[PDB]
């Protein structure tokens, strides 16, 4: 169905609306720009390769190029591969770009360059040079960038990529860049705010540098500035997980009280890790539009209790005051100044790392009438005592986050303590349910109904990762009449009573995963038929519980649709000869998705499929060490659409898959030991739409196994990483792969000959087999 097979090792794509032809050669182990790129190419990406040089021949025929992404073909020593270090800088020969008359965006990050490349076309609006070795900016080297609007020069001199001197910027270096909207000089060992900057600036990024003082007039003209980030000049270095040098004498970044006067358009101000001890109200006299303010990682512990500056910020949406605690101090309580009540627009307030023993309801009173408040984040505060009923005055909130505290009777895992949370890479929850009380990672070991008094409004409660080691009998959550999602994972649930959780009469999702403790000790009673009582439960997760025994023999539900039962011991419950648990899931009448991967099921006893509930659609048996599989038994599963058998030990496929399942749509067989396909494998498998045979040991595929009326249905067909043998016997397969319309990922990189000798390591897509036709 293809007259000319695609041989270029890049994903080519057409967006005819925007007349873009996209050529993506990301990470193709290329040592030169591959030949045969479409001359109509607009966007060409060549990141993560080892192309040693660029020359006029590089883009010679590609005169329609709007964007060139040529990053990380020589990433600096400490940043890149240690197995494949780049030997020498990328070389850009003269005139390599001057011919690309339409080029608007040029990325040359991560190539160890020493200087701003010259000869760039005046069409250019974005130039990116992060992670190079350019640490001295001269106004002459910038003349060529007249029409530039976006300029990234950061990460060219910092601990992971040192230049061993200060960053140097000539006076007015940037001033004649009259269209410059975004200037990024982060992570560069800069020592003063470069001046004068063009008043066209909208975004200025100066963070993680060596700037100790702001001059009064450093931002005098930037009356279009919207984002200003000065974070990490004079850093707070306590528990920093990267090398950190503070300003002498514990000095803060010194900011004159009038330094922001010109910034009437400022929407974002970031002063993270600037070791500040005061926030002068004078700063915000002529900024009335500020929406986002980060003051995390300073020394504002006392200022939080005063905080007059908040009276000047009526339009503020986000305020972050996290990690301002005084060292070695465990405060008794949280002193929140009354000034917080003047933050009429506040949607998000974050005060992690204040560190205090006891939170009591009045202390949050400055917040009571903040009508727009959606998120209150008091995590990582070592709170020991908290009456949860105080949040009855915060029903309007979407998330109350008390994660990581010591209470007893989304942001990244590493966020406040990383070096550059916004660093670019070489390539490129229950909040939905309503009000959420996150109590995860606390010290709750016993819960009683009263603990939730006055919180009937809660829709999701996260008790994950506490110490609850208790038999729940339905009396513990009584007030939570509207709860839809309970995350109870990483506790020590003791399912003695089949009335556990039955008081949560609106519960749709229940996670009791990683509660393996009591299931790990022999002879203890576990009631798995507790599902009968939850009449609107859709989804149950009981993964990684080590379940090997069960007092009850069947689980019952008239509502349950998804059961995650992964990481347990169904091999033990279904031990050959023991018939008592073969219908464990049969009475989950509405169940459509069953995950019983990672259950040590090296074989499936007869009765397992007959015992499945009648509407099972999607079944995972992955990661089981399955050594054998009687495919005929799929006939029992009359609504089976997806079968995941990945990461097992299967060595054969069924003789005729049609004769096994008349419903099967998605068959996943990846990472098995299959060495050949049956003669008529896919014959009349008219329902088949997705087939993954990748990561096996297949040598040959004949036409009988792959009828073309079945292959034209297939949305995807995975074959990479097999042991394909490219003799003349393989002529049909090699022809078909090269000429097929079917989607086959990784033809450029992992559909390969193992032999014979002559062809080893060669791609099947490039194979020439004419010698078989003489």
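Positions refer to the first chain, counted from 1.
- Per the compared records, residue 282 is resolved in all of the other entries whose models span it, so no third of them omit it.
- The records show that residue 427 is omitted from the coordinate set of at least a third of the other eligible entries of this protein.
- Unmodelled residues of the deposited sequence between neighbouring positions residue 409 and residue 410 number 10 or more.
- In this entry, residue 362 and residue 363 are joined directly, with no residue of the deposited sequence lacking coordinates between them.
- Between 622 to 630 and 327 to 335, the higher mean Cα B-factor belongs to 327 to 335.
- Comparing 438 to 446 with 665 to 673, the higher mean C-alpha B-factor in the PDB entry belongs to 438 to 446.
- For the set 316, 153, 137, 126, the PDB entry puts the maximum C-alpha B factor at 137.
- Note on the listed residues 427, 586, 398, 352: the highest Cα temperature factor in the record is that of 427.
- Residue 452 sits in the highest third of its chain by CA B factor, as recorded in the PDB entry.
- Per-chain ranking of the deposited C-alpha B factor places residue 310 in the middle third.
- Among all modelled residues in its chain, residue 717 ranks in the lowest third by Cα B-factor.
- The PDB entry assigns residue 647 a C-alpha temperature factor belonging to the lowest third of its chain's modelled residues.
- Residue 36: CA B factor lies in the lowest third for its chain, per the PDB record.
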